[PDB]
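For reference, the structure is listed below as structure tokens.
Neighbour counts are summed over all protein chains in view; Cβ atoms, including those assigned to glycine, are modelled from backbone coordinates with ideal geometry. Read-outs throughout are calculated quantities, based only on the coordinates presented, and are distinct from any laboratory measurement.
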Amino acid sequence: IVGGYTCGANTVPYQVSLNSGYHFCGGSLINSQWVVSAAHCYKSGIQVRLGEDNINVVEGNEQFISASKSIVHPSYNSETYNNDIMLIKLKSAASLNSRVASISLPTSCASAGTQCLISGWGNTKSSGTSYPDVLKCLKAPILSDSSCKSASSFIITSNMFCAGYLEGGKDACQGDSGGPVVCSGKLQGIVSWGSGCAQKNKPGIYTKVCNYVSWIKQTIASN
Ligand SMILES: N=C(N)c1ccc(C[C@@H]2CCCC[C@@H](Cc3ccc(C(=N)N)cc3)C2=O)cc1
Ligand SMILES: [Ca+2]
């Protein structure tokens, strides 16, 4: 997260860190047994880390639980990032508490201008590299598709939205991948892609979760 702020320990209790010996992606807890992340975060050997703030220090509220199954969206395309979404089932149910909590799925989509909270342990620099150890947060509005497309020349689909600031300085970044965009209490986005971070006319691109709620619900019910 570039140009954000330190969230405060466990103030985003649905945020998880996916760990394969090191943090490599974010994710969102959606019930005690399931996490939602980006399909581009797919790999084997995922341990889900819940209740984290400092990912390098055991602070006392963590739960580490291995993934039993990962399900990449049936139509994920790794070239275009269309349908950039994946479910991860936990080997054992998380113990839900004030620091480990699920986030509600949308009942409808969010509209341009709605403010959202984006969070993660990704790079905090627009130039070069610095990785934080504590969770970072950013408030950012959804942008209209038309303004996003004209400003950036990005090719996006109806399954993506843009959020952030066209002037630059505030954005998600590498390492935030797979993490939450929460708007008005609902998980509307997943950190998906972009160009650089916090660059002018290059806003963040997010998977449009409202389009996938039916798939999420049916997949969880059947697995
Ligand atoms: N055409 C595409 N769909 C496309 C373009 C570039 C990339 C690679 C890169 C690098 C590889 C890791 C995935 C992803 C990480 C990322 C996340 C957020 C932001 C941001 N909000 N500024 C930037 C980058 C990315 O966009 C992937 C997909
Ligand atoms: Ca920790």
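With unit charges on the beta carbons (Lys and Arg positive, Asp and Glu negative) and the dipole taken about the Cα centre of segment 76-223, which residue among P132, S104, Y212 sits farthest to the positive side?
Checked the options; the winner is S104.
Would you calculate a helix-derived [θ] at 222 nm for the chain, using -39,500 (n - 2.57) for each DSSP H run of n ≥ 4 and dividing by the full residue count, to the nearest 500?
Theoretical 222 nm ellipticity from helices: -2500 deg cm²/dmol.
Which one of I1, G21, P141 is farthest out on the positive end of the charge dipole of the chain, using unit charges on Cβ (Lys, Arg +1; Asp, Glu -1) and the Cα centre as origin?
After comparing all options, I get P141.
I need the Kirkwood Rh of segment 63-183: take the reciprocal of the average 1/r across all distinct C-alpha pairs and report it in angstrom.
One decimal place: 16.7 Å for the Kirkwood radius.
So, counting K/R as plus one and D/E as minus one, what does the shell of residues with Cβ under 12 Å around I118 add up to?
That works out to +1.
So who's got an amide H within less than 5 Å of the one on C116, skipping anything under 5 residues away but keeping other chains? H placed 1.01 Å off N, in plane.
The answer is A140, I142.
Taking the Cα centre of segment 79-190 as the origin, how large is its charge dipole in debye, to the nearest 20, when only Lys and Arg (+1) and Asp and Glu (-1) carry charge on their Cβ atoms?
The dipole magnitude comes to about 380 debye.
Once you keep just the Cα pairs under 8 angstrom separated by 6 or more residues, what percentage relative contact order results for segment 108-223?
Averaging sequence separation for qualifying contacts and normalising by length gives 27 percent for segment 108-223.
Taking the Cβ of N61 as the centre, find all other residues whose Cβ is under 10 Å away and add up their charges (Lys, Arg: +1; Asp, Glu: -1).
-3
Could you rank the peptides 187-198, 125-136, 75-86, 163-174 by their average count of other C-beta atoms within 10 Å per residue, with the highest value first?
Final packing ranking: 187-198, 163-174, 75-86, 125-136.
Would you report the distance distribution of C-alpha pairs in the chain as whole percents per 5 angstrom bin, up to the bin with the largest distance?
1, 8, 17, 21, 22, 17, 10, 4, 1, 0
State, in angstrom, two size descriptors of segment 159-219 derived from its alpha carbons: Rg to one decimal place and Dmax to the nearest whole number.
That works out to 12.3, 40 Å for Rg and Dmax.
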